[PDB]
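In what follows, one protein chain appears twice in different forms, each by itself as structure tokens: structure 1 and structure 2.
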Structure 1
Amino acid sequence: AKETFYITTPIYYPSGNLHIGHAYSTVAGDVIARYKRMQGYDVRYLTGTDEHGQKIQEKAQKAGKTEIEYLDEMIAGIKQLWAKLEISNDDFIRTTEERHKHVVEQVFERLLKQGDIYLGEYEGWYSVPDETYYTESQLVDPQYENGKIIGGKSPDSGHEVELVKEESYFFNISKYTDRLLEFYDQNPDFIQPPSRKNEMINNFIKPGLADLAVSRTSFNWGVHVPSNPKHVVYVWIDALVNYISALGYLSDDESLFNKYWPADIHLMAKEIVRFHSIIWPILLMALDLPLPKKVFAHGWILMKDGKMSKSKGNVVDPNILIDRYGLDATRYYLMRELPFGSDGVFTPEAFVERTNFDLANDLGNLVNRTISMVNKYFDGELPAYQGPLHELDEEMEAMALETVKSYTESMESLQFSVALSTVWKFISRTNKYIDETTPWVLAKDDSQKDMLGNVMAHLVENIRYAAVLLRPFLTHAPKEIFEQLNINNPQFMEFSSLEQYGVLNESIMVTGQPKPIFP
């Protein structure tokens, strides 16, 4: 039987339109999902939306709509975007669905019953322009009155903050500290990249985990605490349980949950790694549930000297990139340009360079040159592979095998840009092999027809390798390449067909009417 593999993106907050930042996470998850499917895993890939809170309530009111009206529109547009990116997600979780709300309610009541949660008062300091609450120790220019902080400025914006006090339920998370830290020791690959771990534990665990305010009373757009409905469940419990509620946890059919939980990987950017590495495992401990195997926190797409953000408006719309440059281009750029773990700036120039030089030129010209030569020299009939007949073949065939091996290692460690660059070294090599072998010279001599056929056979096999390896990344080009080469055997499109070079040992009629693979 097939081993399960369960991967998630964060549930995104639809307070504005999604941008290439969000597409980065979602395409990255899709690449992993598609890769794991090709490796023979039974895959489930989840994404969704985080729909509660005062900000959504405010956005809806400003737009003259109810919350659910506003959300249904925003989510329709998000679902359109994923369809347009050809995301292979098996489900889409909305926190407004009853299947989700039921879990949030039951989890909260269970924690109340166990004594994990107790009633108190939340105190904080709100900044309007930051839309952020701060603790008193975070405030700049604290103003004192009889030894007590009665005011200050936000450390981000410098704006005057306002005191907030409201009845709130608190989650005792500190009692799980030793268990959490033991989990980290036993599972060294849990936090990825491991460079994230030190800072996170130094700043957030070392000083002591404060009791966590897990409800609010000052607004009503949220999952209501059944036994105390003036309280709504705040972000921590509401958003985090999506990963299990989507699987029918605590429903009448827990089969998806029993099959796929625990998650093999939660994907996210670095600004929410602490919530998925501290609060999330602790919540799962309170429920006596298995912990996720890995949390990967990638870096940020940057622009205008800062993180791309729908609040700041420093954004690039993925819909515009797809319409202007095509789908493969967009997906390729996202996975290739920014190494998975580091930060990087978006520029239009880097986008066009990356996509024209690598896709249309290196790969596109390779396929065009190859097919046109087969058409010219053999009237479309590609001679069957025989062996490494040319003096360069043994080493190039060895490169094909090493390309696969290296790619695999890069893919397993989630270094997508490296996997891609490795594929492209082989693509570039294959173009060079045309220059080195000069097939047009071989075509003049009738005695050289066998060698010419061998050169053609090696070009197509190299192309086939590249096309297979690109299937997780590019959804259009590999299929197009297979069609134009007229490789119909579905087995020759799978990873296992890359074990031994030279699978095409019957002649094939390539396309008589080739066209550019891109855009």
Structure 2
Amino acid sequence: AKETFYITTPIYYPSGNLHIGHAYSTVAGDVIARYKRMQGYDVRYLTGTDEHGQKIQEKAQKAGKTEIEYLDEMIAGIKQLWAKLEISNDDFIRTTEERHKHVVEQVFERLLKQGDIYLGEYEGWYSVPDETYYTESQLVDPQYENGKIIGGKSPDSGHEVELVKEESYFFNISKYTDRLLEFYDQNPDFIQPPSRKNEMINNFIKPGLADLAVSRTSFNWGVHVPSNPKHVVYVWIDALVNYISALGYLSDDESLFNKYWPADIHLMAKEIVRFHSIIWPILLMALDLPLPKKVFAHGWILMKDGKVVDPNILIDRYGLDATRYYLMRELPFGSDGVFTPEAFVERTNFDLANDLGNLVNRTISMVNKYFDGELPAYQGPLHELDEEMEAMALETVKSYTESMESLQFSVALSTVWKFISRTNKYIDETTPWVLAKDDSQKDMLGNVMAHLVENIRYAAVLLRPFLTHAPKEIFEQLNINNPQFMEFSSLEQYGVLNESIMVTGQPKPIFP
């Protein structure tokens, strides 16, 4: 049948206001999903939210709300954003749903019966704003009193770390140390980019995998341990199983789970890769489940010094295509990006409105002026330049694909704009207005317009994963009504338009 592809975003904390960093994660996963659906995969694209823990409970407590009411309100605004960004997620998984909660209970009960989980006491440091256990030496701005650390802050968030000293269940992750290390030997590509692996092994595995405190006795808000209801399951164990619980794991019908698991990519930001690539594999080893194929960790979007840009405000001012394009263009593979408002409008006005927007405008006007809208049919590479430009178009599809497969979206986008820049330069080289003056050069004039439009069609098809408005408008104004000419397989042979087409007599702007 159709080959499967399962890609996931991380499930986010409904903590206040989403930022372009979480919008990047969701837009990039959508670009993957849309891209894979265009290639003829059976794609499942999952996102969701992380609703349990002390952090969320304190936020709802501070708000003067219940957890569900506070959550329901935050989740409503999160989903408002995804609908506006136009995310093609096949499912949305909330951890407060019983279809999730029952899987967390059964996974915990099972690990207890295996002897993988045992009871004890965690003493040490914890950042509730990070939901992360820390050791003495990991603390930032530590407090020494008679040679002993009695306080500090989190290296991630910079928030004050608090002392934990309570009864807790421990997942024996220490005994999977060599098996996880052997997994990295067999599968060195597991973490993409590979540059993020060695720091993560050096910081988190080398000093010794301490057993992970996987339950909590102090707070109330979370999945309760069924054998011992006073214990509430740790948020990160609770959260991690959303990728399998949403597929119907440990239900009557695991047909969706057998189909889509293991996941092809787990997409995330670089500060939560330790959970998905140490704990998440060790956990699946304990459940005897096949591990993920990739864990793509992307960089941050900095603010000219360090890390309050609202996606909503960008979409309202400059449109969706501008905001979506900017995100994928300005964050490279293995790098962080800077948001500057100057950089944003340059990318919106010069790349979209001018380079692509005015290419379609220049082309359609010349077809209206020189042929009254009747765009001539494609014959062949009749012009001197056509042969290497047609090869350029097929190399653009080739190079783009290689960039899309290795998760280099800014390089694929720069490759496509190289081609759009060429197509604009083709107007300057051919000088169609000089061909229009001669009656014997009508055949060559029509060749240039047909190549102009076929170059645009190539670009619009390649931008369908990235841009959800522009290609669709481009086909309407050009009057390309065949939905097969909007697919990737129509780019295999240049010059698909063999019958003439009546283009629009009222060309309107593609971009706002």
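Here, residue number means position along structure 1's sequence, counting from 1. Each form is matched to the other, and the largest set of C-alpha atoms that superpose within 1.5 Å is called the rigid core.
Open item on the list: Which residue of 83, 119, 398, 128 is the mover here, meaning its C-alpha shifts by 2 Å or more between structure 1 and structure 2 once both are aligned on the rigid core?
Closed with: One residue passes the 2 Å cut-off, namely 128.
TODO: Please work out, using C-alpha superpositions, how far the smaller rigid part turns between structure 1 and structure 2, and give the answer in whole degrees.
DONE: The angle the smaller part turns through between structure 1 and structure 2 is 29 degrees.
Task: Shift in Å of the C-alpha at residue 340 between structure 1 and structure 2 after core superposition - done: The alpha-carbon displacement, core-superposed, is 3.0 Å.
Open item on the list: Rigid core superposed, I'd like the Cα shift of residue 178 between structure 1 and structure 2 in Å.
Closed with: The shift comes out to 1.9 Å.
TODO: Fit the two forms on their core, then tell me the C-alpha shift of residue 157 between structure 1 and structure 2 in angstrom.
DONE: For residue 157, the C-alpha ends up 8.8 Å from its position in the other form.
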